[PDB]
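Have a look at the structure below before the remarks.
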Amino acid sequence: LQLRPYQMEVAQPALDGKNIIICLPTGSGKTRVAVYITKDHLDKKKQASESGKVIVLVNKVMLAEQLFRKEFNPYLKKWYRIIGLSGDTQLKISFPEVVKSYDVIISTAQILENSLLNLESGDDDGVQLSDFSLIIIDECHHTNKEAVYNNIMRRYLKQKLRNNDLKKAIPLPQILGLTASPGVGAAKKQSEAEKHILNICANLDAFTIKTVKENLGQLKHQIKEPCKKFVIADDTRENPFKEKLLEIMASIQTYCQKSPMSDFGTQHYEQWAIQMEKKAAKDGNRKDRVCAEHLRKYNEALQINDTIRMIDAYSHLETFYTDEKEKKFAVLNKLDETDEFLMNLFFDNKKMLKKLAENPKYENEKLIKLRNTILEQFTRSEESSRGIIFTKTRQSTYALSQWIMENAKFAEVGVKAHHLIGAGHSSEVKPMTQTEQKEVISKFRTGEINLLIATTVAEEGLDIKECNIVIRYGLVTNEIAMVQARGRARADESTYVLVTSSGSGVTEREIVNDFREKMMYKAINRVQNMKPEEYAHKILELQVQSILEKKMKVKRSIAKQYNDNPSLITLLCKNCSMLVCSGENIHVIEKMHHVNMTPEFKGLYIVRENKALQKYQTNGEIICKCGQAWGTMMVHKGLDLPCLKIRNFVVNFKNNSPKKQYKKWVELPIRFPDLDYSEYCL
RNA sequence: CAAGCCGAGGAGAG
RNA sequence: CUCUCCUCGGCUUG
Ligand SMILES: Nc1ncnc2c1ncn2[C@@H]1O[C@H](COP(=O)(O)OP(=O)(O)NP(=O)(O)O)[C@@H](O)[C@H]1O
Ligand SMILES: [Zn+2]
């Protein structure tokens with residue numbers, strides 16, 4: 001391993017105690033300086049006949065294996081014992097034991113917290129911090145309100161104050177936080193920015209920050225920025241299509257007699273639709289809820305029209321209504337006035353909308369703008385042409401990847417592309433899998449795919465190859481994502497683009513984040529130069545406040561919903577105001593999943609085979625006689641006992657009918673019994 | 001590989 | 001404070 005000049009000075013105080021933060025720019029060899037500090041710490045503790053164990057904490061899964069392979073092991077294999085843990089191994093099981101070996105640990109975080117609370121909650125073996133001598137951390141800036149990793153530090157600080165009260169002593173470990181930039185936490189003033197920085201430092205018990213200042217030219221030579229750049233467009237033609245939908249929506253409303261006091265093709269209208277649907281369901285009146293459920297889809301279509309072709313929205317709707325018709329046919333294998341009206345309204349115009357949509361006279365501006373942007377680069381760079389795109393949603397990524405596959409020009413210049421999204425199981429999309437992710441990464445590094453379409457998945461963690469033409473298509477989250485994307489584009493003649501519309505404040509937000517970036521550095525300078533006694537005073541104050549801010553939160557959130565009422569309810573279908581179950585019939589398996597195993601509920605529903613699995617069905621999706629999907633099948637002990645949700649059902653209390661929607665099971669107070677085969681058997 | 005439970009953070013709009 | 005979008009982590013059934 002090698003020791004750079006400017007990494008030296010930033011590392012220097014850490015080498016003799018002095019828990020600190022380190023914020024350097026991106027790509028400056030953050031991991032490597034980490035590694036060096038490790039080796040020093042361990043060699044030191046050996047030379048003093050003192051036990052030395054380091055643990056690394058990360059926030060994602062992949063970074064653990066990542067760093068295990070590339071940085072720590074290749075250099076420290078010979079002197080020491082290393083290991084890499086995560087939720088994707090089998091070494092989680094005896095975590096207290098691996099500590100008894102493996103002086104170097106890498107780990108996903110919540111592993112640790114789980115073990116601590118097992119030591120402090122059950123009679124399990126567990127572990128305490130005393131068994132360490134260092135904690136190295138990545139991505140400092142997640143240390144905020146009740147994240148994971150702040151439990152850890154709140155406990156560290158609790159024990160530190162125990163030590164301090166003792167002094168007026170357990171040897172606490174050293175801490176070393178590493179980041180790119182800690183970031184201003186939503187503050188409108190330089191002073192509150194400062195306050196936030198100090199809040200971080202108190203949550204890390206730091207002594208400084210140690211930005212690089214002295215050996216700065218070596219950085220500028222070795223490391224450089226891209227060039228910021230904007231591209232803007234405007235649209236007032238909306239020629240055939242938009243109005244063609246607004247007509248429909250207006251017709252539905254004037255069938256429903258509901259006044260939005262709002263506009264078509266925005267987000268407040270959506271919120272209204274939601275609460276209206278919820279109200280209609282808590283009351284039970286159809287004709288309003290179901291129309292709302294459709295209007296939401298129409299609004300979504302319009303929103304994506306603002307960014308994406310008409311064809312994609314038409315397809316979105318086609319999928320929706322095709323599904324609904326298939327549902328009604330599987331059930332009927334009756335036709336209420338509502339659904340009949342809605343379908344008759346839609347399908348008559350289906351062919352029209354298909355014609356209107358395919359119309360290259362007025363496709364979209366931003367797509368053309370990025371056409372120009374992209375072609376410029378891939379003509380300039382010629383086979384060293386790595387690319388990245390960022391957007392907001394998943395569907396957008398699929399659409400763009402599809403298009404770039406379709407249009408010939410992109411394929412002509414060698415614009416090989418692939419999409420990328422996150423693995424969360426929610427949000428009406430089939431997510432990806434970690435394997436797919438890693439493979440795409442390796443293809444990019446290989447060069448199979450020249451450019452990637454991504455959500456916010458890329459602006460952290462996983463290690464993409466350096467790039468040229470990072471852009472930004474309808475997304476401005478905050479300064480952190482801004483800088484982290486800004487730190488990708490090496491390979492000179494790099495850029496950082498933003499593509500937006502005119503009448504949607506985004507460039508606004510871009511500038512705000514730019515100012516925030518310029519602000520935080522000022523604050524850093526304010527604090528680095530702060531006097532040590534004053535600094536100490538303030539961090540002590542903040543640590544106290546943080547710990548007291550814990551206790552209170554503890555005193556008001558013990559249970560907050562504890563009234564266990566077994567069968568005091570009735571679950572109805574939310575589309576059709578129809579009984580489905582009572583609370584007694586339901587049971588739980590593994591104290592997590594809810595399920596019912598009475599033949600009454602058995603006969604009520606229908607199974608529609610899966611589309612996720614065709615991409616032999618195993619987990620069937622349940623539907624009603626109305627058509628409302630309810631749940632999913634399940635295989636427990638071979639019993640195909642069908643699970644369900646509480647997002648599609650409505651509750652009715654027996655007393656006075658405040659019917660409520662809950663969106664998940666933990667929110668409600670009442671408890672359900674565990675499953676046992678004594679019922680239905682013996 | 002599919003299904004689901006819980007928790008956390010960020011952003012928008014209200 | 002609520003809704004939506006986005007990401008992440010831990011954990012179970014198969
Ligand atoms: N001290 C060093 N000496 C030699 N090469 C280094 C050093 N630090 C980093 N590198 C090289 O830089 C690459 C890895 O470092 P880097 O690009 O900073 O990844 P990183 O630690 O993830 N930076 P970041 O993305 O900001 O977290 C490899 O090509 C290394 O060879
Ligand atoms: Zn129904």
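Numbering starts fresh at 1 for the residues of each chain in the structure tokens, the chains themselves are lettered A, B, ... in the order given, and ligands are numbered from 1 as they appear.
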Taking only C-alpha atoms (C1' of nucleotides) into account, which residues of chain B are within 6 Å of chain A, as number ranges by chain? B: 5, 8, 11, 13
Residues within 6 Å of ligand 1 (only C-alpha atoms (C1' of nucleotides) and all ligand atoms), as a list in words?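 What falls inside 6 Å of ligand 1 is residues 2, 3, 4, 26, 27, 28, 29, 30, 31 and 32 of chain A.
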Among listed residues A:625, A:77, A:220, A:196, nearest ligand 2 (using only C-alpha atoms and all ligand atoms):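 Under the stated criterion, the closest residue is A:625.
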Nearest to ligand 2 by atom-to-atom distance, counting only C-alpha atoms and all ligand atoms, from A:328, A:282, A:213, A:418: A:328
Which of these residues is nearest to chain C, using only C-alpha atoms (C1' of nucleotides): A:57, A:111, A:117, A:452?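 Going through A:57, A:111, A:117, A:452 one by one, the smallest distance to chain C is for A:111.
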